Amino acid sequence: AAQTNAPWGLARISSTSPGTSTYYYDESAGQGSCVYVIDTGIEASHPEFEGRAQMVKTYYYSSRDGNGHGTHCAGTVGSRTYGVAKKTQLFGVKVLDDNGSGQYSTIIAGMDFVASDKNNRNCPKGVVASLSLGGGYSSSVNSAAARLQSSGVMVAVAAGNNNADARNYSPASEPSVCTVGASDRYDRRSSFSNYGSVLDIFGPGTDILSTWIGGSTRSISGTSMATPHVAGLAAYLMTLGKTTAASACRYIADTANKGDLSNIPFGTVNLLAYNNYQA
Ligand SMILES: c1c[nH]c(-c2ccc3c(c2)OCCO3)c1
């Protein structure tokens, strides 16, 4: 399948070169997989989700996304125009309030919720969790992310936007999950992206167009935007039978575009997420 005039990040994940604008992908499109977006919620009624999005849990007075951040991330995972995996099922878990903030105890509860809740969903091709959130180092937060991964969910987490080593942030610093840095349309490390030995992969993170609340769209930047590219890619590859939840991060790194990013510090991987789709 070919999507013309796609957002640059989708085109990038199916290309050996920057600077193109068509996204190429197998039409299976993540059908039969599920992706949990653990964030501020998802505006499920947005036409871009085609009925494939639903809220499954909130810790606040509403499950609605009153912020936009979670809707934008969910759109990068699986919306019809802005998503990597255009036929996946999207499940929203609102651990962040409408200002984008949340207590670690709530975030931990949300991760343990997903580890159990997947047993209440139909995801024959596998389950992914996208965590575009974090804060300072916490062993408890890292342990919750490791449990979610161990339970059979491909966990992708944002590296953080501090232009610093991700070892001091959580869940970014958890070794067993997939920690995602951000790049720009010229294959430069995004100026804000964290780095370090704990990163597993880079994805498009600067000027990413996706869904927004009020049935709208907008372009924003962050490692929060790169993470759902990798989460959607995992769901797409799992549907194709090329990998499993336990191995998807390693598979994405093994099959990535290698050595093509600039301004990557010594000791950080130079790997850019790539679907290896041959049209
Ligand atoms: C080769 C030439 N310059 C660099 C470099 C150095 C320090 C860095 C960096 C990149 O990216 C950000 C963290 O600090 C490698």
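Here are some notes:
- Test item: Cα-centred dipole of the chain, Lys/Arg +1 and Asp/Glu -1 on Cβ, debye: 340
- Here the relative contact order of the range 2-272, from alpha carbon pairs under 8 Å that lie six or more residues apart, stands at 21 percent.
- Gain upon complete extension [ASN163, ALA109; 0.36 nm per residue less C-alpha separation]: 16.6 nm
- Legend note: in the chain, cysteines whose Cβ sits 4.7 Å or more from every other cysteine Cβ are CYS73.
- For the range 1-95, applying the loop criterion from DSSP together with a ceiling of 14 other beta carbons within 10 Å to the GluC sites (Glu not before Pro) yields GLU27, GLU50.
- Beta bridges per DSSP with both ends in the range 2-272, % antiparallel, nearest 5: 30
- Taking a ≥ b ≥ c as the square roots of the eigenvalues of the Cα gyration tensor, the range 2-272 is rounded, since a/c falls below 1.5.
- ³J(HN,Hα) computed for each position of the range 179-188 - Karplus, 6.51 cos²θ - 1.76 cosθ + 1.60, integer Hz, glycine/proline x: 9, 10, x, 10, 10, 10, 5, 9, 6, 9
- Each residue, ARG185 and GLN54, gets one label point 7 Å from its Cα in the Cβ direction; the gap between the two is 3.7 nm.
- Trypsin sites (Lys or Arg not before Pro) restricted to the range 108-157 and DSSP loop, no more than 15 other C-beta within 10 Å: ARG121
- Shape category assigned to the range 167-279 from the gyration tensor of Cα positions, a/c cut at 1.5: rounded
Values quoted throughout were computed directly from the atomic coordinates according to the rules given, and no laboratory measurement underlies them. Heads up, the Cβs are rebuilt from the backbone with ideal geometry, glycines too, and the neighbour counts pull from every protein chain shown.
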